[PDB]
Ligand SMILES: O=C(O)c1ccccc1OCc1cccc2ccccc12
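Quick heads-up: it's one chain on its own, the form deposited without the ligand, in structure tokens.
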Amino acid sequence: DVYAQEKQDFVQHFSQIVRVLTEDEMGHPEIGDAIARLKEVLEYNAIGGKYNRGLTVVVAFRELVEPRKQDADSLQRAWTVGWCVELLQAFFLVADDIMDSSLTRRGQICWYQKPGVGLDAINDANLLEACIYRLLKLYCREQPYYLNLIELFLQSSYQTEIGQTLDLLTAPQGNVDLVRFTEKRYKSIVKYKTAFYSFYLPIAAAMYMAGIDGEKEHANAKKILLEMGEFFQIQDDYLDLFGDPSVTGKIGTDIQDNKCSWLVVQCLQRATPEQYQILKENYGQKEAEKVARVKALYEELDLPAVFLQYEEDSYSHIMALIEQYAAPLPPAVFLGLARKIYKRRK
């Protein structure tokens, strides 16, 4: 409910983000066409999601900063930093969709699949990343936490890219990769590719903005948040195959793309030798009938039911971590995030 309360306000501020990021068209008109492109890229790729990561910045800031310190300018900085996290997500998704051969995202054709865009989307993606640091400069440069935020975003990006490296290394095209698909490898991939930027980053950013800079407070927050991120990525992998695409907004490519998904890991742990062979002959290939055979195997092994049980046990574990590590931060900071992600269908 705390996310829904802030959502309209948050999305309304996108206009101002776009206006501020396109405002150099005024002083350097020679870059006009490029700024028009950047606006198109922002409108297509930074809108249409759920805004969970950016909204988390704003909700956390409200909960962590004394209300007498939530002046107009401070709140605007908070909505701007939330939008920075959304721009990071947009950078990542544009590039990921290329690398994953994806078709749709957030209910529309991926940006790179648009006629006339193609591999120029590489540059578009990187432009989105640059916009983060332009926003941080424009709004936060005189604040004591400016450097902490720059470094947090840079570090989060590095960690995420390292995860993406592990994801791509574990999933080579055209090679049987089943031996590589272990729980230990899975946990390492998702910690780096998803958990740092999707969970630690937004809460950390709010913490820094609230003046909470201590190593121990950041570490304790991290303990909760990285585990939440692991669950989130497990959910994401489950939904890639079993999610309703009218809800998720995107077609799944994990099977065709040979990915170390939580699904294929759980399949491997349960498979008879005959099933192992079915998996080997059908995984990591573009043929629709081979993708169908893998899904049928997962259903044979009751993986949906194993997921539902896992979601229950994971929720309980994260709540136990909140009891242990939330203090001295309000537990509502973590509880509002848990509510948002658990039982998520998108």
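Throughout, rigid core stands for the largest set of C-alpha atoms superposing within 1.5 Å between the two forms. Start at 1 with the first residue shown and count on from there.
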RMS CA shift, core-fitted in 8 other deposited structures of this protein, bigger for 59-67 or for 304-312: 304-312
C-alpha RMS from this form in 8 other deposited structures of this protein, rigid core superposed: larger for 37-45 or 282-290? 282-290
Read off the CA B-factors in the entry, average them over 168-176 and over 255-263, and name the higher stretch. 168-176
Which of 88-96 and 224-232 has higher mean CA B factor, as the PDB entry lists it: 224-232
Highest CA B factor of 148, 269, 159, 80, as deposited, is found at 269
Just to confirm, going by the entry's C-alpha B-factors, which of 65, 318, 57, 35 comes out highest? 65
Considering every modelled residue of the chain and its Cα B-factor in the PDB entry, is residue 241 in the lowest, middle or highest third? middle
Should residue 39 be placed in the lowest, middle or highest third of its chain by the C-alpha B factor in the entry? lowest
C-alpha B factor of residue 196, ranked within the chain: lowest, middle or highest third? lowest
Taking the C-alpha B-factors as the PDB entry records them, is residue 111 in the lowest, middle or highest third of its chain? lowest
Split into thirds by Cα B-factor across the chain's modelled residues, where does residue 219 land: lowest, middle or highest? middle
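Unshown form solved in complex with the ligand; subsequent notes refer to it.
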Pocket accessibility when the ligand, as posed in the deposited complex, is superimposed onto this form, judged at 2.4 Å from backbone or C-beta: blocked
With the partner left out here, check for me: in the deposited complex, does some heavy atom of residue 50 sit within 4.5 Å of the ligand? yes
May I ask you to check whether residue 181 falls inside a 4.5 Å heavy atom distance of the ligand in the deposited complex? no
4.5 Å heavy atom contact, residue 236 to the ligand in the deposited complex: yes
Within a 4.5 Å heavy atom cut-off, is residue 2 in contact with the ligand in the deposited complex? no
With the ligand left out here, work out from 71-79, 262-270, 135-143, 194-202 which stretch has heavy atoms within 4.5 Å of it in the deposited complex. 194-202
Checked 318-345 against the ligand in the deposited complex; residues with a heavy atom within 4.5 Å, sequence order, are 337, 340, 341
